[PDB]
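A lone chain, given as structure tokens: the form deposited in one PDB entry.
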């Protein structure tokens, strides 16, 4: 229902990708022909479009998703990741799974930020609406209403989540936006939290990484990070 598998007959490995802040794993579908020999398990938010029975914490969402992953891929080692918010969820999943004794060989953070380290800007909903308008999404259409609520709830879960230290291998893919700024620190991470980290550049803007025109570069960055 909310777990979809692309390239299900592939024999080259498996990757689990968690939806970004807008709640749907649809942007990952374009990866299938670029990673045709990787089974891609893509998770969407089962509460998308609902106002009730929301997750109370990011850790609860991660726990549900770990159950899904274990049903889909009962044997490790596991490779987990996600774009933006999805990466943060993947981190918590990896943490939980590694504490239970599962092997997580790769954690993929595609331009993920740690908003728990960030200052409160302005009104949260006003900010989400303004950003959606800038992205050409109508915030008062029905789809827009669902997406606004999704971004609001996932952003608040992320801001509440204080990430743990994670000792497994982590790949952080970063857009070319930092310059002399440290790319790890600028996203609210540090090497005490992520001691085994490789930073991979990926071209394009945060929002456009899974556009058709960027998918090939992004897939190359993913492939390099995984091997």
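Note that the rigid core is defined as the largest set of C-alphas that superpose within 1.5 Å between two forms. Positions refer to the first chain, counted from 1.
On average the C-alpha atoms of 176-184 have higher B-factors than those of the other stretch, with 28-36 and 176-184 being the two compared. As listed in the deposited structure, the average C-alpha B-factor of 209-217 and of 15-23 is greater for 209-217. The residue among 71, 98, 114, 84 whose C-alpha carries the highest B-factor in the deposited model is 71. When the Cα B-factors of 57, 63, 51, 44 are read from the PDB record, 51 comes out highest. Annotation for residue 105: CA B-factor lies in the middle third of the chain's modelled residues. In this PDB entry, the Cα temperature factor of residue 126 sits in the top third of its chain's modelled residues, the highest group.
Sort the chain's modelled residues by C-alpha temperature factor and residue 194 lands in the middle third, per the entry. Annotation for residue 92: CA B-factor lies in the lowest third of the chain's modelled residues. In the deposited entry, the Cα temperature factor of residue 156 sits in the bottom third of values across the chain's modelled residues.
Below, we refer to the form deposited in another entry, which is not included among the displayed structures.
Residue 52: CA moves less than 2 Å between this form and the one not shown after rigid-core fitting. Residue 33 is not among the residues whose C-alpha shifts by 2 Å or more between this form and the one not shown once the rigid core is aligned; its shift stays under 2 Å. Core-aligned CA deviation for residue 103 between this form and the one not shown: less than 2 Å.
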